[PDB]
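Below, chain A is the first sequence line, B the second, and so on; all start at residue 1.
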Amino acid sequence: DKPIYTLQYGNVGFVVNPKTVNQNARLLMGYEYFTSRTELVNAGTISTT
Amino acid sequence: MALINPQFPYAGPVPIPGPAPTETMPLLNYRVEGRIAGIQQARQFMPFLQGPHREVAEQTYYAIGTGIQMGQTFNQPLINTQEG
């Protein structure tokens, strides 16, 4: 309902505060987002002679 | 703004021993000519950049095209023979 879109890099973060950490401990993040780098002007047709 | 005592007045200051009069007169200190030494370099390898920065990042775009648009096989409606 409120997507994170934050215009600077580390402005919103996700926090885990662990209480017991083993040796090869890691967080496996998985994201899901919208992004847009391109614009999409209108296309071309054939018109066979 | 003192009040004069009329019963016990006093006079002006009398001479007293003095502090050897030339030893209260200073010399005028005699400056020689000077120079900011060395040949100065024209530029300096600065640790910070001298230009502006941006507070926020803005998303940039570039236009792309789509492709050659083809025809289609539509599912076509039935004939309006007064049922529709």
Quiz item: Just wondering, are more than 12 heavy atoms of other shown residues or ligands nearer than 6.0 Å to CG in B/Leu78?
Solution: no
Exercise. Any pair with a residue in residues 58-82 of chain B that passes side chain to side chain donor-acceptor pair (under 3.5 Å), sequence neighbours left out, goes on the list, sorted by first then second residue, please.
Key: none
Quiz item: So which heavy atom on A/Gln8 is nearest to which on B/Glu55, and how close?
Solution: NE2-O, 3.2 Å
Quiz prompt | chain B-proximal positions within residues 39-49 of chain A [heavy-atom distance under 4.5 Å] | solution = A/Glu39, A/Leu40, A/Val41, A/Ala43, A/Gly44, A/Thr45, A/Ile46
Exercise. Examine A/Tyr5 and B/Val56 and state if one hydrophobic cluster contains both, with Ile, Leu, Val, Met, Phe, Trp and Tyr joined whenever side-chain heavy atoms are less than 4.5 Å apart.
Key: yes
Quiz item: Should we count CG of A/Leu7 as having more than 12 external heavy atoms under 6.0 Å?
Solution: yes
Quiz prompt | Hydrophobic cluster (4.5 angstrom, side-chain heavy atoms) - remaining members for B/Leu3 | solution = none
Quiz item: For chain B, which residues of residues 16-34 of chain A have at least one non-hydrogen atom nearer than 4.5 Å to it?
Solution: none
